[PDB]
Amino acid sequence: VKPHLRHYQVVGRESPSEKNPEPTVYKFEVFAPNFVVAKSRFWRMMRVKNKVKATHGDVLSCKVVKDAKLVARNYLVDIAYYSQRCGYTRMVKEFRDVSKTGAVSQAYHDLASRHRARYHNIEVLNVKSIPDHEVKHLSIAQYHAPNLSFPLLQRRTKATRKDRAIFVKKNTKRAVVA
Amino acid sequence: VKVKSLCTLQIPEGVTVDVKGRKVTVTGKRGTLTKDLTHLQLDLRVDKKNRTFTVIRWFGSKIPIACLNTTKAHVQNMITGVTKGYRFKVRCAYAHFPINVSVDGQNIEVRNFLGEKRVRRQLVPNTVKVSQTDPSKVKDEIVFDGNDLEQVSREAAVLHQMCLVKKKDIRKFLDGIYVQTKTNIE
Amino acid sequence: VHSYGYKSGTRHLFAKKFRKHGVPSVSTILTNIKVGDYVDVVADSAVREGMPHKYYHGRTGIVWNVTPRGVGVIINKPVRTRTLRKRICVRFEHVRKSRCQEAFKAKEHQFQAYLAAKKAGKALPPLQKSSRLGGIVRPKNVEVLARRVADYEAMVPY
RNA sequence: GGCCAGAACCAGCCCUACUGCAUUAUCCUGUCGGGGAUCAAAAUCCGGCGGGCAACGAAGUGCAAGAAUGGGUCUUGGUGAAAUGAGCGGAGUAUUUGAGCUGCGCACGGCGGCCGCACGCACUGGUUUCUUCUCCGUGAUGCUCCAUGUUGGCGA
RNA sequence: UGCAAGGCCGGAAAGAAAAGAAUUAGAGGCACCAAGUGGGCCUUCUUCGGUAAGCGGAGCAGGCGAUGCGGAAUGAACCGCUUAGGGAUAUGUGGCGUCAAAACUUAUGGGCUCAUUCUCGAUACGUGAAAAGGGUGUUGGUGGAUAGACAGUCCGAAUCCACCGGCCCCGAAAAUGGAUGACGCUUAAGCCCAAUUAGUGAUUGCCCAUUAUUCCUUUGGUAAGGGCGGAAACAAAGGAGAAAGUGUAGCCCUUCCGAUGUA
RNA sequence: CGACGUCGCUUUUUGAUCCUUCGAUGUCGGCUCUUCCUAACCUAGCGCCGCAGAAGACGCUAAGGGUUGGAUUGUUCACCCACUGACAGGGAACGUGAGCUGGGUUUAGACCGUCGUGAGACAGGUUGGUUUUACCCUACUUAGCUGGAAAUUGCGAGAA
Ligand SMILES: [K+]
Ligand SMILES: [K+]
Ligand SMILES: [K+]
Ligand SMILES: [K+]
Ligand SMILES: [Mg+2]
Ligand SMILES: [Mg+2]
Ligand SMILES: [Mg+2]
Ligand SMILES: [Mg+2]
Ligand SMILES: [Mg+2]
Ligand SMILES: [Mg+2]
Ligand SMILES: [Mg+2]
Ligand SMILES: [Mg+2]
Ligand SMILES: [Mg+2]
Ligand SMILES: [Mg+2]
Ligand SMILES: [Mg+2]
Ligand SMILES: [Mg+2]
Ligand SMILES: [Mg+2]
Ligand SMILES: [Mg+2]
Ligand SMILES: [Mg+2]
Ligand SMILES: [Mg+2]
Ligand SMILES: [Mg+2]
Ligand SMILES: [Mg+2]
Ligand SMILES: [Mg+2]
Ligand SMILES: [Mg+2]
Ligand SMILES: [Mg+2]
Ligand SMILES: [Mg+2]
Ligand SMILES: [Mg+2]
Ligand SMILES: [Mg+2]
Ligand SMILES: [Mg+2]
Ligand SMILES: [Mg+2]
Ligand SMILES: [Mg+2]
Ligand SMILES: [Mg+2]
Ligand SMILES: [Mg+2]
Ligand SMILES: [Mg+2]
């Protein structure tokens with residue numbers, strides 16, 4: 001399925017004033033479900049790093065950075081999350097995916113499952129596509145084998161939604177209730 | 001998870017290994033053995049031309065992988081027991097009361113264990129042959145012979161646990177029946 | 001408060017600021033208060049005569065009466081469902097000219113000056129433009145906004 | 001027939017089908033170098049340089065105004081007892097919307113008067129190459145309410 | 001002639017500019033006569049006494065009391081929504097394995113978890129049950145290291161140490177038989193994230209309200225309007241009505257808005 | 001076995017509160033009878049010990065079974081005597097009064113001490129002092145009659 005997060009580039013600045021006639025323009029990249037959340041994360045970052053509130057700032061552009069062509073790649077996601085018990089925990093994780101947005105969405109699902117971290121407690125520091133020989137975890141490197149083969153065992157294959165049946169003959173495809 | 005975990009086993013020339021639906025049958029010069037491994041969910045493969053046995057787990061975490069070497073060990077035990085057999089030799093150790101052991105066919109009677117009047121009786125299954133060494137060679141030695149390691153070791157264990165000391169210090173009162181040597185028939 | 005005397009609960013209210021003690025200055029004496037003027041009722045702690053009640057501290061009202069040493073001020077006080085016009089009697093030391101109509105008076109004077117200039121044909125001052133409008137932005141320096149490992153390493157004390 | 005059903009059409013309303021405008025560059029694509037792995041390779045990856053539209057239903061990105069000139073109404077009234085209709089009449093083959101292309105000045109961008117103008121404003125500019133329905137039309141001399149179809153079934 | 005105060009006569013009036021430069025289901029004031037009530041309780045947040053309490057006592061504000069309806073299985077107070085009599089269409093809270101309407105057990109979504117006699121978990125409020133401490137169960141992370149290394153008796157590839165998470169487990173004992181509501185569920189029907197028919201070609205899966213929108217009818221307005229000088233004509237073998245009106249079977253018609261409620 | 005600390009748990013104590021009951025829920029103890037709990041005294045299996053044996057200490061699974069006779073005291077408690085394998089601890093409206101009993105508490109009589117001028121008071125001592133009703137409904141125990149698978153009907157048709 002397509003990723004639930006998009007790659008946004010928010011460009012903004014503090015509103016020009018007499019005291020600061022030409023404010024610095026900042027480029028910020030974020031992964032958010034929509035552009036309103038992207039602007040929210042941008043203004044949070046501006047507040048916590050530059051002391052610039054949204055009430056005194058401009059957003060020059062909020063565009064989606066398009067994905068590249070889908071290619072099986074190794075993505076390095078440097079990511080951090082907050083918990084009351086531990087504070088800020090930074091980790092660097094490698095993922096197999098076809099896009100940066102897919103890799104980051106997978107990272108968010110992974111943090112939500114293995115550490116119970118939610119979107120607004122998570123900061124993606126960086127996402128980079130790395131070569132095969134820079135992959136350190138065997139759980140990812142096993143997909144670099146040239147003769148990578150495996151069967152599909154324990155498949156749970158459901159019929160086409162129209163063809164699905166409640167009662168079917170035991171050694172037969174004849175549907176009795178459908 | 002790991003995509004492919006693999007264990008390989010070599011087969012001696014005489015042995016014949018066949019797998020069918022996680023059931024392994026091993027045939028050697030001294031009989032045949034069977035193992036029901038349908039509780040494992042592994043990919044068992046036998047290469048007859050290259051005389052190799054292979055067990056594969058696909059997409060496994062730590063718990064399923066731990067079953068690979070267990071399967072290899074079971075099949076290796078079957079091969080060894082079907083080509084050499086298993087011989088467990090137990091000894092009767094006593095301080096004062098001589099433990100008297102009678103082996104009439106498949107029945108083992110233990111008498112006078114710590115001077116008790118109760119008779120401990122064991123019915124060895126037909127796949128395990130129990131004999132008693134001549135006391136001139138080794139005194140108080142009972143031998144279990146079989147092709148199945150698990151059956152022979154279970155018989156030796158149940159004989160060991162029929163003669164546990166109750167309601168006494170166990171550091172003292174070292175009387176009991178203990179397996180001493182675990183070797184092969186051939 | 002445990003008792004309900006006239007000056008109950010005024011320990012910090014009727015105290016002088018740090019290093020600002022002393023009696024009212026000559027500028028307070030020389031201030032001319034007229035009937036109809038807007039005044040602020042601010043009690044001077046060092047006078048203690050003609051002192052307003054604590055309620056009227058920080059209230060702005062209109063002068064209704066001038067005596068040789070006192071000022072009569074009308075203060076709005078909400079009591080239940082209505083507002084009462086309370087007339088309080090304080091000494092002039094506890095009264096300040098209120099700038100509450102300064103901006104409105106300046107607006108009136110600016111309007112009169114604008115009318116005078118429009119009559120005289122003088123060019124009016126240019127109208128200020130809205131800062132909310134769009135336009136081209138030419139960034140002299142563009143920086144990357146991001147979260148670094150050093151931010152986390154810094155926010156941890158000891 | 002003041003009863004029960006079916007279908008047809010009219011007005012209203014409620015659902016659905018039919019889609020354009022902007023954007024893309026951290027992108028697409030060749031080649032040289034590096035690097036990677038191989039059995040040799042290609043690839044994953046990093047730079048330089050040269051071209052660009054990833055346009056198949058391109059994108060799951062921002063905004064969409066596309067005249068049902070297909071369903072439902074036993075969720076409303078009706079069968080023309082005033083039909084107001086882009087829909088019903090009458091008359092014309094045109095009107096002018098937009099899209100292309102394009103003139104002058106200004107505006108905007110770059111360099112600081114030129115060079116650009118993605119096609120912004122004024123001339124309600126030009127061209128019709130594609131696209132399009134364009135004008136008229138009926139008071140109540142009705143103050144109010146109620147009274148008008150078709151096909152069967154059941155009622156003689 | 002200055003100041004202060006009452007006036008009188010004139011002037012000028014963005015009727016208040018431009019700079020983000022207010023908004024209003026905004027008739028403002030003034031009375032008269034009276035009723036119930038004057039035991040209150042709960043909750044977010046703030047708060048005092050108390051070991052605490054479903055304890056006692058306060059502040060701001062919402063509730064219940066006085067109030068149902070739709071949800072949390074059940075509950076005055078929690079969530080949603082607040083109510084004329086009825087349809088249709090959409091939702092809210094909450095759900096879509098059966099009970100029970102909705103995924104006839106959805107996806108062409110990712111991870112995690114095995115829990116043996118109060119039987120793992122699915123309990124917002126609800127603490128309406130659990131901690132300190134611990135686990136070589138498993139799955140993640142952060143540092144450090146050692147690499148013919150560790151173990152084994154040399155011999156061929158990764159190994160070791162400390163620390164911190166997720167879920168699970170131990171810690172974890174009460175009296176009638178019993179409670180995620182029940183059954184069950186483990187390619188979950190559990191937990192944490194995501195989605196709406198799925199890298200296909202765009203942004204509404206589905207079910208349920210006394211809520212929203214809309215239609216019909218009733219009733220009352222701080223109600224808003226029109227008509228009311230019978231237009232003309234018209235036997236039986238198109239009809240009837242038309243009142244200058246608070247209130248009736250309301251003169252008649254059109255049009256808006258509101259309808260719950262203890263004392 | 002655990003000092004200094006620290007975290008729990010349980011309602012077999014007592015407090016704290018005042019929600020319910022004041023046109024009344026009979027309000028000590030015992031007797032009898034049943035059942036439940038487990039934090040296990042004995043009885044079944046075990047682990048461990050400063051475990052030689054014997055006797056024991058600690059701990060686990062386990063509440064199926066058992067857990068007494070007496071002197072004093074109204075007592076609950078207490079204590080002692082004696083058996084025993086053991087004489088574990090608790091709940092059930094502090095189980096149980098239309099089941100009993102009525103020794104105690106707690107009316108009216110009376111005595112004493114202390115207190116009070118006194119009438120009288122004392123959670124101080126003492127003695128004497130009405131224990132009502134079931135035939136209703138359920139529950140339980142037995143004892144009878146009797147239809148019924150569309151659980152009375154449909155004709156609605158399923159054979160372990
Ligand atoms: K290359
Ligand atoms: K009472
Ligand atoms: K027992
Ligand atoms: K009693
Ligand atoms: Mg002993
Ligand atoms: Mg203070
Ligand atoms: Mg102060
Ligand atoms: Mg026409
Ligand atoms: Mg303005
Ligand atoms: Mg009262
Ligand atoms: Mg209370
Ligand atoms: Mg009341
Ligand atoms: Mg509920
Ligand atoms: Mg309510
Ligand atoms: Mg259903
Ligand atoms: Mg619940
Ligand atoms: Mg909780
Ligand atoms: Mg813990
Ligand atoms: Mg349950
Ligand atoms: Mg439930
Ligand atoms: Mg009674
Ligand atoms: Mg009673
Ligand atoms: Mg126990
Ligand atoms: Mg014991
Ligand atoms: Mg025992
Ligand atoms: Mg006795
Ligand atoms: Mg009790
Ligand atoms: Mg009792
Ligand atoms: Mg009784
Ligand atoms: Mg009685
Ligand atoms: Mg008595
Ligand atoms: Mg006396
Ligand atoms: Mg007595
Ligand atoms: Mg007496």
# chains A, B, ... in the order shown; residues from 1 in each chain; ligands from 1

$ closest_atom_pairs --of "chain F" --to "ligand 30" --cutoff "12 Å" --atoms "only C-alpha atoms (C1' of nucleotides) and all ligand atoms" --output "JSON lines"
{"residue": "F:26", "atom": "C1'", "partner": "ligand 30", "partner_atom_place_in_ligand_line": "1 (Mg)", "distance": 7.8}
{"residue": "F:97", "atom": "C1'", "partner": "ligand 30", "partner_atom_place_in_ligand_line": "1 (Mg)", "distance": 3.9}
{"residue": "F:98", "atom": "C1'", "partner": "ligand 30", "partner_atom_place_in_ligand_line": "1 (Mg)", "distance": 6.7}
{"residue": "F:99", "atom": "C1'", "partner": "ligand 30", "partner_atom_place_in_ligand_line": "1 (Mg)", "distance": 8.5}
{"residue": "F:100", "atom": "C1'", "partner": "ligand 30", "partner_atom_place_in_ligand_line": "1 (Mg)", "distance": 8.4}
{"residue": "F:101", "atom": "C1'", "partner": "ligand 30", "partner_atom_place_in_ligand_line": "1 (Mg)", "distance": 10.0}
{"residue": "F:102", "atom": "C1'", "partner": "ligand 30", "partner_atom_place_in_ligand_line": "1 (Mg)", "distance": 10.9}
{"residue": "F:131", "atom": "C1'", "partner": "ligand 30", "partner_atom_place_in_ligand_line": "1 (Mg)", "distance": 5.6}
{"residue": "F:132", "atom": "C1'", "partner": "ligand 30", "partner_atom_place_in_ligand_line": "1 (Mg)", "distance": 8.3}
{"residue": "F:133", "atom": "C1'", "partner": "ligand 30", "partner_atom_place_in_ligand_line": "1 (Mg)", "distance": 10.6}

$ write_last_selection --atoms "N, CA, C and O atoms (P, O5', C5', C4', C3', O3' and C1' of nucleotides)" --output "PDB file, in the first residue's frame"
ATOM      1  P     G F  26     -36.426  -7.451  61.989  1.00  0.00           P
ATOM      2  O5'   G F  26     -35.889  -7.248  63.474  1.00  0.00           O
ATOM      3  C5'   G F  26     -34.591  -7.671  63.873  1.00  0.00           C
ATOM      4  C4'   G F  26     -34.287  -7.226  65.282  1.00  0.00           C
ATOM      5  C3'   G F  26     -33.017  -7.788  65.899  1.00  0.00           C
ATOM      6  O3'   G F  26     -31.859  -7.079  65.499  1.00  0.00           O
ATOM      7  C1'   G F  26     -34.800  -7.995  67.440  1.00  0.00           C
ATOM      8  P     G F  97     -31.133 -15.381  64.283  1.00  0.00           P
ATOM      9  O5'   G F  97     -31.308 -15.950  65.759  1.00  0.00           O
ATOM     10  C5'   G F  97     -32.017 -17.150  66.000  1.00  0.00           C
ATOM     11  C4'   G F  97     -33.129 -16.921  66.982  1.00  0.00           C
ATOM     12  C3'   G F  97     -34.220 -15.963  66.533  1.00  0.00           C
ATOM     13  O3'   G F  97     -35.193 -16.627  65.743  1.00  0.00           O
ATOM     14  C1'   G F  97     -33.586 -15.535  68.798  1.00  0.00           C
ATOM     15  P     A F  98     -36.058 -15.857  64.636  1.00  0.00           P
ATOM     16  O5'   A F  98     -37.515 -16.609  64.683  1.00  0.00           O
ATOM     17  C5'   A F  98     -38.085 -16.874  65.932  1.00  0.00           C
ATOM     18  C4'   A F  98     -39.612 -17.067  65.743  1.00  0.00           C
ATOM     19  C3'   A F  98     -39.903 -18.168  64.718  1.00  0.00           C
ATOM     20  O3'   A F  98     -39.743 -19.404  65.229  1.00  0.00           O
ATOM     21  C1'   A F  98     -41.389 -16.575  64.284  1.00  0.00           C
ATOM     22  P     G F  99     -39.374 -20.634  64.263  1.00  0.00           P
ATOM     23  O5'   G F  99     -37.909 -20.310  63.721  1.00  0.00           O
ATOM     24  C5'   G F  99     -36.845 -19.938  64.593  1.00  0.00           C
ATOM     25  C4'   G F  99     -36.397 -21.087  65.453  1.00  0.00           C
ATOM     26  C3'   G F  99     -35.944 -20.741  66.859  1.00  0.00           C
ATOM     27  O3'   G F  99     -37.025 -20.530  67.754  1.00  0.00           O
ATOM     28  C1'   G F  99     -34.393 -22.226  65.886  1.00  0.00           C
ATOM     29  P     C F 100     -36.928 -19.401  68.897  1.00  0.00           P
ATOM     30  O5'   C F 100     -36.504 -20.196  70.207  1.00  0.00           O
ATOM     31  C5'   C F 100     -36.944 -21.522  70.450  1.00  0.00           C
ATOM     32  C4'   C F 100     -35.913 -22.304  71.226  1.00  0.00           C
ATOM     33  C3'   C F 100     -35.475 -21.686  72.544  1.00  0.00           C
ATOM     34  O3'   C F 100     -36.343 -22.030  73.610  1.00  0.00           O
ATOM     35  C1'   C F 100     -33.567 -22.349  71.297  1.00  0.00           C
ATOM     36  P     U F 101     -36.684 -20.963  74.757  1.00  0.00           P
ATOM     37  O5'   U F 101     -35.327 -20.799  75.570  1.00  0.00           O
ATOM     38  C5'   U F 101     -34.681 -21.911  76.171  1.00  0.00           C
ATOM     39  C4'   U F 101     -33.293 -21.548  76.622  1.00  0.00           C
ATOM     40  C3'   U F 101     -33.199 -20.297  77.479  1.00  0.00           C
ATOM     41  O3'   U F 101     -33.391 -20.609  78.845  1.00  0.00           O
ATOM     42  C1'   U F 101     -31.553 -20.244  75.761  1.00  0.00           C
ATOM     43  P     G F 102     -34.340 -19.721  79.774  1.00  0.00           P
ATOM     44  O5'   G F 102     -33.494 -18.398  80.014  1.00  0.00           O
ATOM     45  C5'   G F 102     -32.134 -18.490  80.414  1.00  0.00           C
ATOM     46  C4'   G F 102     -31.405 -17.185  80.260  1.00  0.00           C
ATOM     47  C3'   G F 102     -32.110 -15.965  80.858  1.00  0.00           C
ATOM     48  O3'   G F 102     -31.160 -15.160  81.546  1.00  0.00           O
ATOM     49  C1'   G F 102     -31.551 -15.551  78.601  1.00  0.00           C
ATOM     50  P     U F 131     -41.362 -15.076  78.706  1.00  0.00           P
ATOM     51  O5'   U F 131     -40.699 -14.370  77.439  1.00  0.00           O
ATOM     52  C5'   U F 131     -41.474 -14.005  76.303  1.00  0.00           C
ATOM     53  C4'   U F 131     -40.660 -13.997  75.027  1.00  0.00           C
ATOM     54  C3'   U F 131     -40.202 -15.367  74.513  1.00  0.00           C
ATOM     55  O3'   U F 131     -40.254 -15.383  73.089  1.00  0.00           O
ATOM     56  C1'   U F 131     -38.339 -13.966  74.785  1.00  0.00           C
ATOM     57  P     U F 132     -41.402 -16.197  72.325  1.00  0.00           P
ATOM     58  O5'   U F 132     -42.638 -15.200  72.324  1.00  0.00           O
ATOM     59  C5'   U F 132     -43.824 -15.454  73.056  1.00  0.00           C
ATOM     60  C4'   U F 132     -45.021 -14.901  72.327  1.00  0.00           C
ATOM     61  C3'   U F 132     -45.232 -15.432  70.918  1.00  0.00           C
ATOM     62  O3'   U F 132     -45.911 -16.676  70.898  1.00  0.00           O
ATOM     63  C1'   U F 132     -45.351 -13.072  70.887  1.00  0.00           C
ATOM     64  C1'   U F 133     -47.191 -14.896  65.365  1.00  0.00           C
ATOM     65  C3'   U F 133     -47.505 -17.220  65.774  1.00  0.00           C
ATOM     66  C4'   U F 133     -48.091 -16.407  66.918  1.00  0.00           C
ATOM     67  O3'   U F 133     -48.293 -18.361  65.475  1.00  0.00           O
ATOM     68  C5'   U F 133     -47.706 -16.861  68.303  1.00  0.00           C
ATOM     69  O5'   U F 133     -46.299 -17.026  68.429  1.00  0.00           O
ATOM     70  P     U F 133     -45.655 -17.721  69.707  1.00  0.00           P
TER      71        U F 133
END

$ residues_near_ligand --ligand "ligand 13" --cutoff "9 Å" --atoms "only C-alpha atoms (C1' of nucleotides) and all ligand atoms" --output "PDB file with C-alpha atoms (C1' of nucleotides), in the first residue's frame"
ATOM      1  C1'   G E  71     -23.262   5.638  23.511  1.00  0.00           C
ATOM      2  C1'   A E  72     -19.616   3.706  27.734  1.00  0.00           C
ATOM      3  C1'   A E  73     -22.924  -4.101  29.014  1.00  0.00           C
ATOM      4  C1'   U E  74     -25.095  -2.103  33.941  1.00  0.00           C
ATOM      5  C1'   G E  75     -24.705   3.561  36.906  1.00  0.00           C
TER       6        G E  75
END

$ residues_around --residues "region 118-123 of chain B" --least-positions-apart "5" --cutoff "12 Å" --atoms "only C-alpha atoms (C1' of nucleotides)" --output "list in words"
residues 99, 100, 101, 102, 103, 104, 105, 106, 107, 108, 109, 110, 111, 112, 113, 128, 129, 130, 154, 155, 156, 157, 158, 159, 160, 161, 162, 163 and 164 of chain B

$ interface_residues --of "chain C" --to "chain A" --cutoff "7 Å" --atoms "only C-alpha atoms" --output "count of residues only"
10

$ select_by_dssp --residues "region 2-177 of chain A" --states "strand (DSSP E)" --output "ChimeraX atom specification"
/A:6-14,25-32,57-64,73-83,87-97,122-130,167-168,175-177

$ closest_atom_pairs --of "chain F" --to "chain B" --cutoff "9 Å" --atoms "only C-alpha atoms (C1' of nucleotides)" --output "CSV"
residue,atom,partner,partner_atom,distance
F:51,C1',B:169,CA,5.0
F:52,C1',B:172,CA,7.3
F:53,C1',B:168,CA,8.9

$ write_last_selection --atoms "N, CA, C and O atoms (P, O5', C5', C4', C3', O3' and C1' of nucleotides)" --output "PDB file, in the first residue's frame"
ATOM      1  P     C F  51      20.242 -28.492  60.661  1.00  0.00           P
ATOM      2  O5'   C F  51      20.638 -29.794  59.835  1.00  0.00           O
ATOM      3  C5'   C F  51      19.723 -30.375  58.915  1.00  0.00           C
ATOM      4  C4'   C F  51      19.956 -31.854  58.755  1.00  0.00           C
ATOM      5  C3'   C F  51      21.425 -32.266  58.678  1.00  0.00           C
ATOM      6  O3'   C F  51      21.617 -33.535  59.299  1.00  0.00           O
ATOM      7  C1'   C F  51      20.312 -32.927  56.704  1.00  0.00           C
ATOM      8  P     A F  52      22.930 -33.793  60.185  1.00  0.00           P
ATOM      9  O5'   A F  52      23.289 -35.322  59.922  1.00  0.00           O
ATOM     10  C5'   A F  52      23.569 -35.802  58.615  1.00  0.00           C
ATOM     11  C4'   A F  52      23.656 -37.305  58.599  1.00  0.00           C
ATOM     12  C3'   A F  52      22.424 -38.034  59.113  1.00  0.00           C
ATOM     13  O3'   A F  52      21.433 -38.209  58.115  1.00  0.00           O
ATOM     14  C1'   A F  52      24.342 -38.885  60.194  1.00  0.00           C
ATOM     15  P     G F  53      19.873 -38.158  58.492  1.00  0.00           P
ATOM     16  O5'   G F  53      19.693 -39.294  59.591  1.00  0.00           O
ATOM     17  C5'   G F  53      19.601 -40.667  59.235  1.00  0.00           C
ATOM     18  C4'   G F  53      19.355 -41.526  60.450  1.00  0.00           C
ATOM     19  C3'   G F  53      18.103 -41.193  61.249  1.00  0.00           C
ATOM     20  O3'   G F  53      16.940 -41.806  60.726  1.00  0.00           O
ATOM     21  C1'   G F  53      19.945 -41.363  62.713  1.00  0.00           C
TER      22        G F  53
END

$ closest_residue --among "C:46, C:30, C:58, C:35" --to "chain E" --atoms "only C-alpha atoms (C1' of nucleotides)"
C:35

$ residues_near_ligand --ligand "ligand 17" --cutoff "8 Å" --atoms "only C-alpha atoms (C1' of nucleotides) and all ligand atoms" --output "number ranges by chain"
E: 123, 126-127

$ residues_near_ligand --ligand "ligand 2" --cutoff "8 Å" --atoms "only C-alpha atoms (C1' of nucleotides) and all ligand atoms" --output "list in words"
residues 21, 22 and 24 of chain F

$ atom_distance --atom1 "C1' of residue 244 (chain E)" --atom2 "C1' of residue 225 (chain E)"
16.3 Å

$ interface_residues --of "chain A" --to "chain B" --cutoff "8 Å" --atoms "only C-alpha atoms" --output "list in words"
residues 139, 142 and 150 of chain A

$ atom_distance --atom1 "CA of residue 5 (chain C)" --atom2 "CA of residue 21 (chain C)"
25.0 Å

$ residues_around --residues "residue 82 (chain E)" --least-positions-apart "4" --cutoff "9 Å" --atoms "only C-alpha atoms (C1' of nucleotides)" --output "ChimeraX atom specification"
/E:67-69,211,260

$ write_last_selection --atoms "C-alpha atoms (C1' of nucleotides)" --output "PDB file, in the first residue's frame"
ATOM      1  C1'   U E  67     -33.916  15.687  31.534  1.00  0.00           C
ATOM      2  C1'   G E  68     -35.119  12.684  28.454  1.00  0.00           C
ATOM      3  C1'   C E  69     -32.611  10.627  23.856  1.00  0.00           C
ATOM      4  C1'   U E 211     -28.474  16.037  16.729  1.00  0.00           C
ATOM      5  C1'   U E 260     -38.366  19.499  26.540  1.00  0.00           C
TER       6        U E 260
END

$ closest_residue --among "D:132, D:26, D:96, D:19" --to "chain A" --atoms "only C-alpha atoms (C1' of nucleotides)"
D:26

$ residues_around --residues "residue 105 (chain A)" --least-positions-apart "5" --cutoff "9 Å" --atoms "only C-alpha atoms (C1' of nucleotides)" --output "VMD selection string"
(chain A and resid 3 to 6 31 100 110) or (chain E and resid 110 194)

$ write_last_selection --atoms "N, CA, C and O atoms (P, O5', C5', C4', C3', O3' and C1' of nucleotides)" --output "PDB file, in the first residue's frame"
ATOM      1  N   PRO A   3       2.474   4.795   1.010  1.00  0.00           N
ATOM      2  CA  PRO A   3       2.784   5.268   2.365  1.00  0.00           C
ATOM      3  C   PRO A   3       1.775   6.290   2.858  1.00  0.00           C
ATOM      4  O   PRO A   3       1.204   7.060   2.083  1.00  0.00           O
ATOM      5  N   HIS A   4       1.558   6.292   4.174  1.00  0.00           N
ATOM      6  CA  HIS A   4       0.616   7.222   4.781  1.00  0.00           C
ATOM      7  C   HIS A   4       1.232   8.582   5.077  1.00  0.00           C
ATOM      8  O   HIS A   4       0.497   9.511   5.429  1.00  0.00           O
ATOM      9  N   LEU A   5       2.546   8.725   4.937  1.00  0.00           N
ATOM     10  CA  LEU A   5       3.233   9.991   5.135  1.00  0.00           C
ATOM     11  C   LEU A   5       3.816  10.470   3.813  1.00  0.00           C
ATOM     12  O   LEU A   5       4.293   9.666   3.008  1.00  0.00           O
ATOM     13  N   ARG A   6       3.771  11.780   3.594  1.00  0.00           N
ATOM     14  CA  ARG A   6       4.343  12.410   2.415  1.00  0.00           C
ATOM     15  C   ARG A   6       5.601  13.177   2.798  1.00  0.00           C
ATOM     16  O   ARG A   6       5.752  13.625   3.937  1.00  0.00           O
ATOM     17  N   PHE A  31       8.016  14.645   7.271  1.00  0.00           N
ATOM     18  CA  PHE A  31       7.142  13.589   6.770  1.00  0.00           C
ATOM     19  C   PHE A  31       5.827  13.657   7.534  1.00  0.00           C
ATOM     20  O   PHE A  31       5.787  13.368   8.734  1.00  0.00           O
ATOM     21  N   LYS A 100      11.648   6.888  -0.033  1.00  0.00           N
ATOM     22  CA  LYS A 100      11.916   7.537   1.245  1.00  0.00           C
ATOM     23  C   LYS A 100      10.650   7.645   2.086  1.00  0.00           C
ATOM     24  O   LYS A 100      10.685   7.423   3.302  1.00  0.00           O
ATOM     25  N   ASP A 110       7.212   0.910  12.857  1.00  0.00           N
ATOM     26  CA  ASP A 110       8.140   0.139  13.678  1.00  0.00           C
ATOM     27  C   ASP A 110       8.300   0.752  15.063  1.00  0.00           C
ATOM     28  O   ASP A 110       8.334   0.033  16.066  1.00  0.00           O
TER      29      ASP A 110
ATOM     30  P     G E 110       1.760  -6.480   5.189  1.00  0.00           P
ATOM     31  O5'   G E 110       2.554  -5.616   6.259  1.00  0.00           O
ATOM     32  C5'   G E 110       3.432  -4.580   5.851  1.00  0.00           C
ATOM     33  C4'   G E 110       4.102  -3.929   7.031  1.00  0.00           C
ATOM     34  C3'   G E 110       4.482  -4.852   8.171  1.00  0.00           C
ATOM     35  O3'   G E 110       5.645  -5.613   7.897  1.00  0.00           O
ATOM     36  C1'   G E 110       3.488  -2.898   9.043  1.00  0.00           C
ATOM     37  P     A E 194      -1.304   6.789  13.536  1.00  0.00           P
ATOM     38  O5'   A E 194      -1.191   6.915  11.960  1.00  0.00           O
ATOM     39  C5'   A E 194      -2.263   6.503  11.139  1.00  0.00           C
ATOM     40  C4'   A E 194      -1.805   5.592  10.037  1.00  0.00           C
ATOM     41  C3'   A E 194      -2.885   5.236   9.038  1.00  0.00           C
ATOM     42  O3'   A E 194      -3.078   6.246   8.071  1.00  0.00           O
ATOM     43  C1'   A E 194      -1.840   3.265   9.748  1.00  0.00           C
TER      44        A E 194
END

$ residues_near_ligand --ligand "ligand 34" --cutoff "9 Å" --atoms "only C-alpha atoms (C1' of nucleotides) and all ligand atoms" --output "PyMOL selection string"
chain F and resi 109-110+126-129
